[PDB]
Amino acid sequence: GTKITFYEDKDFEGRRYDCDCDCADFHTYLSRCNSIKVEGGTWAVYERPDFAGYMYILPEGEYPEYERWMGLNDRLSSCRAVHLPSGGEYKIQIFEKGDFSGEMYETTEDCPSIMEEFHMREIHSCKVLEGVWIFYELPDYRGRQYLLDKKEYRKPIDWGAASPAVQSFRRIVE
């Protein structure tokens, strides 16, 4: 029962497009997106078609302007719903060095500052043991977002990053 609606203008005005599960290209129906309503569930929305470019995570809610999903602009073209397992536990292992090496830290908690908590500004590999997580380039859940749907991540490119810069992360909780 999850649904997201994109609107071409701010404040939920103008032409709109509805997605119910995974839409690899709505650019043909909307040339821009300046407000979004997320009715149920959590969604990943993407700048370019086929889930490419900058990514933004939107939990349920109303977003009357693109700044409210921390967007860079009104350019969005594809989206997929974030499917969470039940159970309700979250666990991540973050590594100082590539290929699950160097200092390891394991945590079940949101981390708004990797520097203050783990004394690193970079993550070079990672194992998500339980749940679903977001990595952020900057502290306090700012900057480039990356979605980590469990499994193992040998190198930053495996979570979509061009570099190991990660400075906060948090769980996607329904």
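The first residue of the sequence shown is number 1, and the count goes up from there.
The mean C-alpha temperature factor is higher for 15 to 23 when 15 to 23 and 151 to 159 are set side by side. Stretches 37 to 45 and 105 to 113 differ in mean CA B factor, with 37 to 45 having the higher one. Compared with the other modelled residues of the chain, the Cα B-factor recorded for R144 ranks in the middle third.
Sort the modelled residues of the chain by CA B factor and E65 lands in the lowest third.
Sorting the modelled residues of the chain by their CA temperature factor places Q167 in the middle third.
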